[PDB]
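Coordinates as given in my_file_6.tsv (TSV, C-alpha atoms and all ligand atoms):
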chain	number	residue	atom	x	y	z
A	1	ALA	CA	-69.96	21.03	34.54
A	2	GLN	CA	-69.22	18.96	31.41
A	3	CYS	CA	-70.86	20.29	28.21
A	4	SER	CA	-72.82	23.00	30.05
A	5	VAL	CA	-72.07	26.09	32.07
A	6	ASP	CA	-74.39	28.26	34.15
A	7	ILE	CA	-73.72	32.00	34.07
A	8	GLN	CA	-75.39	34.92	35.75
A	9	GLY	CA	-75.41	38.55	34.76
A	10	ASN	CA	-76.34	40.98	37.56
A	11	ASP	CA	-77.39	44.57	38.42
A	12	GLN	CA	-73.76	45.56	38.95
A	13	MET	CA	-73.15	44.99	35.23
A	14	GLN	CA	-70.92	41.94	35.69
A	15	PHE	CA	-70.96	38.21	34.78
A	16	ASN	CA	-69.98	35.65	37.47
A	17	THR	CA	-67.19	34.18	35.24
A	18	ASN	CA	-64.69	35.57	32.80
A	19	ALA	CA	-63.38	32.28	31.26
A	20	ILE	CA	-65.22	29.23	29.86
A	21	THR	CA	-63.27	26.20	28.74
A	22	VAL	CA	-65.18	23.98	26.23
A	23	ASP	CA	-64.08	20.38	26.30
A	24	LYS	CA	-63.00	19.04	22.94
A	25	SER	CA	-65.12	15.86	23.37
A	26	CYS	CA	-68.42	17.75	23.68
A	27	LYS	CA	-70.52	17.34	20.56
A	28	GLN	CA	-72.64	20.33	21.67
A	29	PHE	CA	-72.28	22.91	24.52
A	30	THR	CA	-74.99	24.73	26.50
A	31	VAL	CA	-74.76	28.16	28.24
A	32	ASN	CA	-77.60	28.72	30.73
A	33	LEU	CA	-77.97	32.46	31.54
A	34	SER	CA	-80.01	33.58	34.54
A	35	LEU	CA	-80.52	37.08	35.77
A	36	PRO	CA	-80.91	37.13	39.56
A	37	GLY	CA	-81.22	40.95	39.86
A	38	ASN	CA	-84.10	43.43	40.16
A	39	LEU	CA	-83.67	45.99	37.32
A	40	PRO	CA	-85.78	45.91	34.11
A	41	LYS	CA	-84.58	44.83	30.66
A	42	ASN	CA	-84.71	48.34	29.10
A	43	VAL	CA	-82.12	49.74	31.51
A	44	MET	CA	-80.03	46.65	32.39
A	45	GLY	CA	-80.92	43.90	29.84
A	46	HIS	CA	-78.21	41.19	29.46
A	47	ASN	CA	-77.48	38.54	26.85
A	48	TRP	CA	-74.51	36.16	26.27
A	49	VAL	CA	-72.96	36.43	22.79
A	50	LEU	CA	-69.95	34.44	21.42
A	51	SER	CA	-67.63	35.48	18.56
A	52	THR	CA	-63.88	35.28	17.84
A	53	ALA	CA	-61.91	37.98	19.74
A	54	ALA	CA	-61.20	39.88	16.46
A	55	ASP	CA	-64.92	40.27	15.62
A	56	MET	CA	-66.15	41.23	19.08
A	57	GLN	CA	-65.79	44.96	18.47
A	58	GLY	CA	-67.88	44.96	15.30
A	59	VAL	CA	-70.57	42.72	16.86
A	60	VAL	CA	-70.85	45.13	19.85
A	61	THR	CA	-70.79	48.22	17.61
A	62	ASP	CA	-73.42	46.93	15.15
A	63	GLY	CA	-75.40	45.49	18.04
A	64	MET	CA	-75.60	48.86	19.79
A	65	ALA	CA	-76.84	50.32	16.53
A	66	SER	CA	-79.65	47.71	15.92
A	67	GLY	CA	-81.39	48.72	19.16
A	68	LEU	CA	-83.40	47.16	21.91
A	69	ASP	CA	-86.10	45.67	19.67
A	70	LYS	CA	-83.32	43.68	17.88
A	71	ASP	CA	-81.87	42.69	21.26
A	72	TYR	CA	-78.88	44.82	20.41
A	73	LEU	CA	-77.71	42.32	17.77
A	74	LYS	CA	-77.44	42.85	14.04
A	75	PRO	CA	-79.96	40.34	12.57
A	76	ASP	CA	-78.23	37.31	10.87
A	77	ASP	CA	-74.85	38.66	11.95
A	78	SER	CA	-72.42	36.20	10.40
A	79	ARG	CA	-69.77	36.83	13.08
A	80	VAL	CA	-71.98	35.59	15.93
A	81	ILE	CA	-71.36	31.89	16.65
A	82	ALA	CA	-74.16	31.47	19.22
A	83	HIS	CA	-76.23	33.85	21.38
A	84	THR	CA	-79.07	33.95	23.91
A	85	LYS	CA	-81.92	36.50	23.70
A	86	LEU	CA	-81.66	39.82	25.62
A	87	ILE	CA	-83.38	39.15	28.95
A	88	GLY	CA	-84.35	41.19	32.00
A	89	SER	CA	-84.50	40.47	35.77
A	90	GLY	CA	-85.83	37.17	36.88
A	91	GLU	CA	-85.57	35.71	33.37
A	92	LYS	CA	-83.46	32.76	32.24
A	93	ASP	CA	-82.50	31.66	28.71
A	94	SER	CA	-80.18	29.00	27.28
A	95	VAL	CA	-78.39	28.42	24.01
A	96	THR	CA	-76.89	25.11	22.80
A	97	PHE	CA	-74.50	25.16	19.87
A	98	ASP	CA	-72.38	22.62	18.01
A	99	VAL	CA	-68.82	22.47	19.22
A	100	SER	CA	-67.55	21.88	15.65
A	101	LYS	CA	-68.08	25.61	14.98
A	102	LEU	CA	-65.05	26.20	17.23
A	103	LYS	CA	-61.50	25.24	16.41
A	104	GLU	CA	-58.58	24.79	18.67
A	105	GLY	CA	-56.09	27.61	18.60
A	106	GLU	CA	-58.60	30.47	18.07
A	107	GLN	CA	-59.40	33.02	20.81
A	108	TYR	CA	-63.12	33.42	21.37
A	109	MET	CA	-64.77	36.04	23.58
A	110	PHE	CA	-68.21	35.94	25.15
A	111	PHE	CA	-69.86	39.29	26.07
A	112	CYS	CA	-73.05	41.28	26.58
A	113	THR	CA	-73.99	43.73	23.73
A	114	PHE	CA	-76.39	45.91	25.83
A	115	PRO	CA	-74.75	49.40	25.42
A	116	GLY	CA	-71.65	49.83	27.50
A	117	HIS	CA	-71.92	46.46	29.30
A	118	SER	CA	-69.01	44.83	27.33
A	119	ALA	CA	-66.51	46.97	29.30
A	120	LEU	CA	-67.07	44.61	32.20
A	121	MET	CA	-69.27	41.79	30.86
A	122	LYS	CA	-66.77	39.91	28.71
A	123	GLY	CA	-64.75	36.73	29.06
A	124	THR	CA	-62.67	34.26	27.06
A	125	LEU	CA	-63.85	30.91	25.75
A	126	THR	CA	-61.49	28.36	24.32
A	127	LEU	CA	-61.88	24.86	23.08
A	128	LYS	CA	-59.43	22.60	24.90
B	1	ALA	CA	-63.25	78.40	33.95
B	2	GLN	CA	-63.73	80.83	36.88
B	3	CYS	CA	-65.91	78.99	39.52
B	4	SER	CA	-67.40	76.74	36.80
B	5	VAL	CA	-66.61	73.69	34.75
B	6	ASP	CA	-68.11	72.35	31.55
B	7	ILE	CA	-68.12	68.54	31.51
B	8	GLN	CA	-69.22	65.91	29.02
B	9	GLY	CA	-70.46	62.39	29.43
B	10	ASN	CA	-70.36	60.05	26.41
B	11	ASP	CA	-71.87	56.76	25.16
B	12	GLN	CA	-68.79	54.85	26.41
B	13	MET	CA	-69.69	55.72	30.03
B	14	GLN	CA	-66.86	58.19	30.48
B	15	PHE	CA	-66.79	61.79	31.78
B	16	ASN	CA	-64.28	64.06	30.13
B	17	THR	CA	-62.57	64.94	33.39
B	18	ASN	CA	-61.95	62.86	36.47
B	19	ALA	CA	-60.82	65.65	38.85
B	20	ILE	CA	-62.58	68.93	39.67
B	21	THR	CA	-60.88	71.64	41.70
B	22	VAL	CA	-63.03	74.28	43.45
B	23	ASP	CA	-61.32	77.47	44.62
B	24	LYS	CA	-62.10	78.54	48.16
B	25	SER	CA	-62.52	82.09	46.87
B	26	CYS	CA	-65.69	81.07	45.00
B	27	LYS	CA	-69.00	81.85	46.70
B	28	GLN	CA	-70.72	79.38	44.32
B	29	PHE	CA	-69.65	76.68	41.83
B	30	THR	CA	-71.43	75.69	38.59
B	31	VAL	CA	-71.11	72.36	36.70
B	32	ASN	CA	-72.53	72.38	33.16
B	33	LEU	CA	-73.13	68.86	31.84
B	34	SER	CA	-73.69	68.03	28.16
B	35	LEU	CA	-74.14	64.74	26.36
B	36	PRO	CA	-72.97	65.02	22.72
B	37	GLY	CA	-73.73	61.27	22.14
B	38	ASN	CA	-76.56	59.38	20.46
B	39	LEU	CA	-77.86	56.78	22.93
B	40	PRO	CA	-81.08	57.67	24.83
B	41	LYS	CA	-81.71	58.22	28.57
B	42	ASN	CA	-83.15	54.75	29.37
B	43	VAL	CA	-80.00	52.95	28.03
B	44	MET	CA	-77.17	55.46	28.64
B	45	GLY	CA	-78.65	58.31	30.68
B	46	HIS	CA	-76.02	60.30	32.62
B	47	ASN	CA	-76.24	62.66	35.55
B	48	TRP	CA	-73.50	64.27	37.66
B	49	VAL	CA	-74.01	63.76	41.43
B	50	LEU	CA	-71.75	65.05	44.25
B	51	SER	CA	-71.34	63.57	47.78
B	52	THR	CA	-68.44	62.85	50.13
B	53	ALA	CA	-66.28	59.83	49.18
B	54	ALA	CA	-67.74	58.18	52.32
B	55	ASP	CA	-71.43	58.46	51.26
B	56	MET	CA	-71.05	57.58	47.58
B	57	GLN	CA	-71.88	53.87	47.99
B	58	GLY	CA	-75.06	54.58	49.96
B	59	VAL	CA	-76.09	57.24	47.44
B	60	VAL	CA	-75.47	54.76	44.54
B	61	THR	CA	-77.33	51.78	46.18
B	62	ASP	CA	-80.33	53.92	47.11
B	63	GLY	CA	-80.23	55.68	43.76
B	64	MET	CA	-80.45	52.36	41.91
B	65	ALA	CA	-83.34	51.37	44.08
B	66	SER	CA	-85.34	54.60	43.28
B	67	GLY	CA	-86.12	53.71	39.66
B	68	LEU	CA	-86.00	55.41	36.26
B	69	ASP	CA	-88.87	57.81	37.04
B	70	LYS	CA	-86.84	59.19	40.00
B	71	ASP	CA	-83.68	59.70	37.88
B	72	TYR	CA	-81.96	56.98	39.85
B	73	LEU	CA	-81.48	59.17	42.92
B	74	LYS	CA	-83.28	58.79	46.27
B	75	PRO	CA	-85.73	61.77	46.71
B	76	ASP	CA	-84.31	64.45	49.03
B	77	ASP	CA	-81.25	62.38	49.90
B	78	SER	CA	-79.33	64.31	52.59
B	79	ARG	CA	-76.02	62.97	51.35
B	80	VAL	CA	-76.30	64.54	47.89
B	81	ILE	CA	-74.66	67.94	47.91
B	82	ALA	CA	-75.67	68.80	44.33
B	83	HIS	CA	-76.72	66.93	41.21
B	84	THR	CA	-78.06	67.45	37.71
B	85	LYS	CA	-81.13	65.63	36.33
B	86	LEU	CA	-80.60	62.32	34.48
B	87	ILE	CA	-80.35	63.35	30.83
B	88	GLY	CA	-79.74	61.57	27.52
B	89	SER	CA	-78.27	62.19	24.08
B	90	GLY	CA	-78.29	65.79	22.90
B	91	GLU	CA	-79.34	67.25	26.29
B	92	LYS	CA	-77.58	69.56	28.79
B	93	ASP	CA	-78.19	70.48	32.45
B	94	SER	CA	-76.44	72.69	34.99
B	95	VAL	CA	-76.18	72.74	38.76
B	96	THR	CA	-74.83	75.64	40.83
B	97	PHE	CA	-74.17	74.94	44.56
B	98	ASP	CA	-72.80	77.03	47.44
B	99	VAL	CA	-69.17	76.48	48.16
B	100	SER	CA	-69.98	76.84	51.91
B	101	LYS	CA	-71.29	73.26	51.69
B	102	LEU	CA	-67.75	71.95	51.26
B	103	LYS	CA	-65.17	71.70	53.99
B	104	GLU	CA	-61.45	71.74	53.58
B	105	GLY	CA	-59.79	68.31	53.97
B	106	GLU	CA	-62.85	66.21	53.25
B	107	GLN	CA	-62.74	64.02	50.10
B	108	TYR	CA	-65.65	64.44	47.64
B	109	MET	CA	-66.58	62.28	44.64
B	110	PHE	CA	-68.65	63.04	41.59
B	111	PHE	CA	-70.30	60.11	39.75
B	112	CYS	CA	-73.21	59.02	37.57
B	113	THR	CA	-75.95	56.97	39.36
B	114	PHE	CA	-77.57	55.39	36.25
B	115	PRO	CA	-77.37	51.59	36.92
B	116	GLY	CA	-73.91	50.22	36.18
B	117	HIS	CA	-72.19	53.55	35.41
B	118	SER	CA	-70.68	54.73	38.77
B	119	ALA	CA	-67.80	52.24	38.90
B	120	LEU	CA	-66.53	53.77	35.66
B	121	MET	CA	-68.12	57.26	35.66
B	122	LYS	CA	-66.62	58.90	38.69
B	123	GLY	CA	-63.86	61.36	39.68
B	124	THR	CA	-62.63	63.44	42.63
B	125	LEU	CA	-63.61	67.01	43.62
B	126	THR	CA	-61.46	69.03	46.05
B	127	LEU	CA	-61.62	72.48	47.70
B	128	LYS	CA	-58.31	74.39	47.48
C	201	CU	CU	-75.55	43.27	29.96
C	202	CU	CU	-74.06	57.52	33.29

Translate the structure of the given file into structure tokens.
Ligand SMILES: [Cu+2]
Ligand SMILES: [Cu+2]
Amino acid sequence: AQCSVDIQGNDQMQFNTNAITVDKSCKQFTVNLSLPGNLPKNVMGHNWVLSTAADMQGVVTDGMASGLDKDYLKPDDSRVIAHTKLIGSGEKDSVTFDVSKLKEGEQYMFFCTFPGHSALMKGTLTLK
Amino acid sequence: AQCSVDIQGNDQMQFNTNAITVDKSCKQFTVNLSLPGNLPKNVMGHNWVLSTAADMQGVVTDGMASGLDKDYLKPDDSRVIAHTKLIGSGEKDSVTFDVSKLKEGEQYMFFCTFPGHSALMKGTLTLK
């Protein structure tokens, strides 16, 4: 779309895209996450989290450690540019962030921090 | 080991072996599963399930559909040759099955049926 993208996370532990291109003229950008599956949040919760590629590993590792009540994200984690909540089946959530937090030339990764899901639920985002 | 194998499943959704060999001379075979990790059963529970390569997908789909209370395995599923319980961090379980249930020149697969894990947590078993 233009300054929005719709993404789904499913019961097979995958996202329906692995690359998001943010257009340089967007003042803000929205990610709409919907979970069309059947499994509950405590076993297959998904969220969409954005960080630079170099920070992804620490966000996932510290996320895993904060637990389900913290939506597997370290509270006030400085490395996280934007994130949705951790949702379960049949739920939807959206996040809008300011594009000026991104800079051209940096590799960004989006991913799910529910334990083990980043193996498959990850993609690139780049401001072009 | 003689007619037995000790196998580990970890918080990164990996088993420590991806190929089990069963000797035809064995009357029985035992699989001893341990989880040395730290994540609980509802978020990273692992089990070890055996079926033919042909029935694995049906066992996985129906398993997913049975729910956490049924250890993500259909009750009395004819296709499951042997399986452990679904266990979490710090636990261990063993299954011993008769080698007469395996036929020479049939491909078998072992896998974890916890939602999302079988595409990564799987390996081959063969009768030699
Ligand atoms: Cu997820
Ligand atoms: Cu598992």

Enumerate as a VMD selection string the residues within 6 Å of ligand CU 202 (chain C), counting only C-alpha atoms and all ligand atoms. chain B and resid 13 44 to 46 112 114 117

Would you compute the distance between atom CA of residue B:14 and atom CA of residue B:122? Give it in Å to one decimal. 8.2 Å

Taking only C-alpha atoms and all ligand atoms into account, which residues have an atom no farther than 12 Å from ligand CU 201 (chain C)? I'd like them as a ChimeraX atom specification. /A:8-15,33-35,37,39-49,60,64,68,71-72,84-89,110-122 /B:43,115-116

Write a file of the selected residues as a tab-separated table (two decimals), keeping the file's coordinate frame, keeping C-alpha atoms.
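Okay, this is what ended up in out_38.tsv:
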chain	number	residue	atom	x	y	z
A	8	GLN	CA	-75.39	34.92	35.75
A	9	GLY	CA	-75.41	38.55	34.76
A	10	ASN	CA	-76.34	40.98	37.56
A	11	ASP	CA	-77.39	44.57	38.42
A	12	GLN	CA	-73.76	45.56	38.95
A	13	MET	CA	-73.15	44.99	35.23
A	14	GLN	CA	-70.92	41.94	35.69
A	15	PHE	CA	-70.96	38.21	34.78
A	33	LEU	CA	-77.97	32.46	31.54
A	34	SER	CA	-80.01	33.58	34.54
A	35	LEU	CA	-80.52	37.08	35.77
A	37	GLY	CA	-81.22	40.95	39.86
A	39	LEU	CA	-83.67	45.99	37.32
A	40	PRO	CA	-85.78	45.91	34.11
A	41	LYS	CA	-84.58	44.83	30.66
A	42	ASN	CA	-84.71	48.34	29.10
A	43	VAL	CA	-82.12	49.74	31.51
A	44	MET	CA	-80.03	46.65	32.39
A	45	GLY	CA	-80.92	43.90	29.84
A	46	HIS	CA	-78.21	41.19	29.46
A	47	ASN	CA	-77.48	38.54	26.85
A	48	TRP	CA	-74.51	36.16	26.27
A	49	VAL	CA	-72.96	36.43	22.79
A	60	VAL	CA	-70.85	45.13	19.85
A	64	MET	CA	-75.60	48.86	19.79
A	68	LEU	CA	-83.40	47.16	21.91
A	71	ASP	CA	-81.87	42.69	21.26
A	72	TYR	CA	-78.88	44.82	20.41
A	84	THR	CA	-79.07	33.95	23.91
A	85	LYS	CA	-81.92	36.50	23.70
A	86	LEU	CA	-81.66	39.82	25.62
A	87	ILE	CA	-83.38	39.15	28.95
A	88	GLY	CA	-84.35	41.19	32.00
A	89	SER	CA	-84.50	40.47	35.77
A	110	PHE	CA	-68.21	35.94	25.15
A	111	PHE	CA	-69.86	39.29	26.07
A	112	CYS	CA	-73.05	41.28	26.58
A	113	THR	CA	-73.99	43.73	23.73
A	114	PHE	CA	-76.39	45.91	25.83
A	115	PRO	CA	-74.75	49.40	25.42
A	116	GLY	CA	-71.65	49.83	27.50
A	117	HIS	CA	-71.92	46.46	29.30
A	118	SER	CA	-69.01	44.83	27.33
A	119	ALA	CA	-66.51	46.97	29.30
A	120	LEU	CA	-67.07	44.61	32.20
A	121	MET	CA	-69.27	41.79	30.86
A	122	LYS	CA	-66.77	39.91	28.71
B	43	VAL	CA	-80.00	52.95	28.03
B	115	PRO	CA	-77.37	51.59	36.92
B	116	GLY	CA	-73.91	50.22	36.18

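Our summary of the geometry notes that atom CA of residue A:32 is positioned 17.3 Å from atom CA of residue A:126.
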
Å distance separating atom CA of residue B:82 from atom CA of residue B:31, one decimal place: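 According to the coordinates, atom CA of residue B:82 and atom CA of residue B:31 are separated by 9.6 Å.
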
How would chain A read as a PDB file with C-alpha atoms, in the frame of the given file after a least-squares superposition onto chain B over every Cα atom, matched in order?
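Once everything was written out, this is out_29.pdb:
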ATOM      1  CA  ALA A   1     -62.535  77.977  34.216  1.00  0.00           C
ATOM      2  CA  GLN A   2     -62.994  79.860  37.513  1.00  0.00           C
ATOM      3  CA  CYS A   3     -66.215  78.985  39.399  1.00  0.00           C
ATOM      4  CA  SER A   4     -67.551  76.777  36.587  1.00  0.00           C
ATOM      5  CA  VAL A   5     -66.576  73.572  34.864  1.00  0.00           C
ATOM      6  CA  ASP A   6     -67.989  71.969  31.725  1.00  0.00           C
ATOM      7  CA  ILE A   7     -68.235  68.177  31.735  1.00  0.00           C
ATOM      8  CA  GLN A   8     -69.446  65.699  29.179  1.00  0.00           C
ATOM      9  CA  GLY A   9     -70.696  62.184  29.669  1.00  0.00           C
ATOM     10  CA  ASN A  10     -70.634  59.999  26.533  1.00  0.00           C
ATOM     11  CA  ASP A  11     -71.854  56.737  24.921  1.00  0.00           C
ATOM     12  CA  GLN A  12     -68.719  54.930  26.079  1.00  0.00           C
ATOM     13  CA  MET A  13     -69.886  55.391  29.679  1.00  0.00           C
ATOM     14  CA  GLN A  14     -67.135  57.839  30.643  1.00  0.00           C
ATOM     15  CA  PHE A  15     -66.835  61.489  31.796  1.00  0.00           C
ATOM     16  CA  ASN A  16     -64.167  63.720  30.167  1.00  0.00           C
ATOM     17  CA  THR A  17     -62.573  64.535  33.589  1.00  0.00           C
ATOM     18  CA  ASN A  18     -61.920  62.637  36.769  1.00  0.00           C
ATOM     19  CA  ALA A  19     -60.871  65.556  39.069  1.00  0.00           C
ATOM     20  CA  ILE A  20     -62.480  68.965  39.729  1.00  0.00           C
ATOM     21  CA  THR A  21     -60.737  71.478  41.939  1.00  0.00           C
ATOM     22  CA  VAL A  22     -63.115  74.111  43.452  1.00  0.00           C
ATOM     23  CA  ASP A  23     -61.399  77.359  44.277  1.00  0.00           C
ATOM     24  CA  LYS A  24     -61.833  78.456  47.863  1.00  0.00           C
ATOM     25  CA  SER A  25     -62.765  82.034  46.802  1.00  0.00           C
ATOM     26  CA  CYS A  26     -65.811  80.952  44.775  1.00  0.00           C
ATOM     27  CA  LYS A  27     -69.023  81.874  46.548  1.00  0.00           C
ATOM     28  CA  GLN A  28     -70.906  79.440  44.270  1.00  0.00           C
ATOM     29  CA  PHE A  29     -69.754  76.810  41.688  1.00  0.00           C
ATOM     30  CA  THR A  30     -71.475  75.639  38.487  1.00  0.00           C
ATOM     31  CA  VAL A  31     -71.148  72.227  36.728  1.00  0.00           C
ATOM     32  CA  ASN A  32     -72.470  72.305  33.147  1.00  0.00           C
ATOM     33  CA  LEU A  33     -73.168  68.741  31.885  1.00  0.00           C
ATOM     34  CA  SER A  34     -73.679  68.083  28.181  1.00  0.00           C
ATOM     35  CA  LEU A  35     -74.243  64.780  26.510  1.00  0.00           C
ATOM     36  CA  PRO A  36     -72.747  64.773  23.005  1.00  0.00           C
ATOM     37  CA  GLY A  37     -73.658  61.124  22.210  1.00  0.00           C
ATOM     38  CA  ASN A  38     -76.475  59.371  20.331  1.00  0.00           C
ATOM     39  CA  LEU A  39     -78.018  56.817  22.760  1.00  0.00           C
ATOM     40  CA  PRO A  40     -81.350  57.422  24.575  1.00  0.00           C
ATOM     41  CA  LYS A  41     -81.779  58.240  28.270  1.00  0.00           C
ATOM     42  CA  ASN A  42     -83.375  54.875  29.218  1.00  0.00           C
ATOM     43  CA  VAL A  43     -80.296  52.885  28.198  1.00  0.00           C
ATOM     44  CA  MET A  44     -77.453  55.398  28.732  1.00  0.00           C
ATOM     45  CA  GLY A  45     -78.874  58.312  30.817  1.00  0.00           C
ATOM     46  CA  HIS A  46     -76.193  60.329  32.709  1.00  0.00           C
ATOM     47  CA  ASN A  47     -76.288  62.772  35.605  1.00  0.00           C
ATOM     48  CA  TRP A  48     -73.552  64.410  37.762  1.00  0.00           C
ATOM     49  CA  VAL A  49     -73.978  63.834  41.513  1.00  0.00           C
ATOM     50  CA  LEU A  50     -71.672  65.094  44.340  1.00  0.00           C
ATOM     51  CA  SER A  51     -71.303  63.583  47.836  1.00  0.00           C
ATOM     52  CA  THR A  52     -68.425  62.923  50.265  1.00  0.00           C
ATOM     53  CA  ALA A  53     -66.391  59.817  49.265  1.00  0.00           C
ATOM     54  CA  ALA A  54     -67.772  57.847  52.279  1.00  0.00           C
ATOM     55  CA  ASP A  55     -71.421  58.335  51.209  1.00  0.00           C
ATOM     56  CA  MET A  56     -70.988  57.641  47.503  1.00  0.00           C
ATOM     57  CA  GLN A  57     -71.752  53.937  47.831  1.00  0.00           C
ATOM     58  CA  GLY A  58     -75.065  54.459  49.611  1.00  0.00           C
ATOM     59  CA  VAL A  59     -76.129  57.239  47.197  1.00  0.00           C
ATOM     60  CA  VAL A  60     -75.417  54.920  44.206  1.00  0.00           C
ATOM     61  CA  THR A  61     -77.094  51.928  45.882  1.00  0.00           C
ATOM     62  CA  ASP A  62     -80.253  53.821  46.916  1.00  0.00           C
ATOM     63  CA  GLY A  63     -80.235  55.642  43.594  1.00  0.00           C
ATOM     64  CA  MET A  64     -80.257  52.387  41.629  1.00  0.00           C
ATOM     65  CA  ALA A  65     -83.194  51.294  43.744  1.00  0.00           C
ATOM     66  CA  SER A  66     -85.335  54.489  43.208  1.00  0.00           C
ATOM     67  CA  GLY A  67     -85.452  53.866  39.447  1.00  0.00           C
ATOM     68  CA  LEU A  68     -85.503  55.812  36.246  1.00  0.00           C
ATOM     69  CA  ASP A  69     -88.573  57.913  37.075  1.00  0.00           C
ATOM     70  CA  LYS A  70     -86.666  59.231  40.160  1.00  0.00           C
ATOM     71  CA  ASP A  71     -83.590  59.817  37.992  1.00  0.00           C
ATOM     72  CA  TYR A  72     -81.904  57.066  39.939  1.00  0.00           C
ATOM     73  CA  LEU A  73     -81.671  59.262  43.055  1.00  0.00           C
ATOM     74  CA  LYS A  74     -83.360  58.732  46.391  1.00  0.00           C
ATOM     75  CA  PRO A  75     -85.692  61.773  46.735  1.00  0.00           C
ATOM     76  CA  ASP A  76     -84.418  64.344  49.348  1.00  0.00           C
ATOM     77  CA  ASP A  77     -81.303  62.238  49.871  1.00  0.00           C
ATOM     78  CA  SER A  78     -79.479  64.091  52.627  1.00  0.00           C
ATOM     79  CA  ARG A  79     -76.059  62.833  51.477  1.00  0.00           C
ATOM     80  CA  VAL A  80     -76.297  64.513  48.062  1.00  0.00           C
ATOM     81  CA  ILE A  81     -74.653  67.961  48.100  1.00  0.00           C
ATOM     82  CA  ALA A  82     -75.699  68.982  44.567  1.00  0.00           C
ATOM     83  CA  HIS A  83     -76.904  67.116  41.455  1.00  0.00           C
ATOM     84  CA  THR A  84     -78.111  67.642  37.885  1.00  0.00           C
ATOM     85  CA  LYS A  85     -81.164  65.820  36.460  1.00  0.00           C
ATOM     86  CA  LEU A  86     -80.702  62.506  34.569  1.00  0.00           C
ATOM     87  CA  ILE A  87     -80.409  63.512  30.908  1.00  0.00           C
ATOM     88  CA  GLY A  88     -80.178  61.712  27.575  1.00  0.00           C
ATOM     89  CA  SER A  89     -78.328  62.399  24.279  1.00  0.00           C
ATOM     90  CA  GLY A  90     -78.235  65.902  23.011  1.00  0.00           C
ATOM     91  CA  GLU A  91     -79.413  67.308  26.351  1.00  0.00           C
ATOM     92  CA  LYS A  92     -77.555  69.706  28.638  1.00  0.00           C
ATOM     93  CA  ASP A  93     -78.223  70.600  32.292  1.00  0.00           C
ATOM     94  CA  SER A  94     -76.393  72.671  34.912  1.00  0.00           C
ATOM     95  CA  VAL A  95     -76.337  72.864  38.679  1.00  0.00           C
ATOM     96  CA  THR A  96     -74.962  75.754  40.783  1.00  0.00           C
ATOM     97  CA  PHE A  97     -74.362  75.192  44.474  1.00  0.00           C
ATOM     98  CA  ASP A  98     -72.935  77.198  47.363  1.00  0.00           C
ATOM     99  CA  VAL A  99     -69.293  76.508  48.009  1.00  0.00           C
ATOM    100  CA  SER A 100     -69.822  76.835  51.793  1.00  0.00           C
ATOM    101  CA  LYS A 101     -71.372  73.336  51.750  1.00  0.00           C
ATOM    102  CA  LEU A 102     -67.829  72.035  51.161  1.00  0.00           C
ATOM    103  CA  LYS A 103     -65.012  72.161  53.659  1.00  0.00           C
ATOM    104  CA  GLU A 104     -61.342  71.897  53.113  1.00  0.00           C
ATOM    105  CA  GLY A 105     -59.845  68.580  54.070  1.00  0.00           C
ATOM    106  CA  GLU A 106     -62.829  66.383  53.054  1.00  0.00           C
ATOM    107  CA  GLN A 107     -62.710  64.051  50.021  1.00  0.00           C
ATOM    108  CA  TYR A 108     -65.682  64.512  47.726  1.00  0.00           C
ATOM    109  CA  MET A 109     -66.556  62.316  44.746  1.00  0.00           C
ATOM    110  CA  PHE A 110     -68.697  63.186  41.752  1.00  0.00           C
ATOM    111  CA  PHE A 111     -70.348  60.295  39.826  1.00  0.00           C
ATOM    112  CA  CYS A 112     -73.224  59.088  37.666  1.00  0.00           C
ATOM    113  CA  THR A 113     -75.913  56.957  39.465  1.00  0.00           C
ATOM    114  CA  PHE A 114     -77.387  55.363  36.270  1.00  0.00           C
ATOM    115  CA  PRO A 115     -76.917  51.594  37.054  1.00  0.00           C
ATOM    116  CA  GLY A 116     -73.364  50.435  36.662  1.00  0.00           C
ATOM    117  CA  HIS A 117     -72.021  53.753  35.300  1.00  0.00           C
ATOM    118  CA  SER A 118     -70.165  54.693  38.568  1.00  0.00           C
ATOM    119  CA  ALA A 119     -67.531  52.009  37.815  1.00  0.00           C
ATOM    120  CA  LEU A 120     -66.110  54.398  35.252  1.00  0.00           C
ATOM    121  CA  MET A 121     -68.044  57.666  35.665  1.00  0.00           C
ATOM    122  CA  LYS A 122     -66.572  58.946  38.921  1.00  0.00           C
ATOM    123  CA  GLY A 123     -64.025  61.570  39.894  1.00  0.00           C
ATOM    124  CA  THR A 124     -62.715  63.519  42.879  1.00  0.00           C
ATOM    125  CA  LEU A 125     -63.657  67.067  43.803  1.00  0.00           C
ATOM    126  CA  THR A 126     -61.816  69.022  46.431  1.00  0.00           C
ATOM    127  CA  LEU A 127     -62.022  72.533  47.684  1.00  0.00           C
ATOM    128  CA  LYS A 128     -58.588  74.144  47.482  1.00  0.00           C
TER     129      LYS A 128
END

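Candidate residues B:7, B:99, B:1, B:53 were compared for distance to residue B:124, and the nearest is B:53, using all atoms listed in the file.
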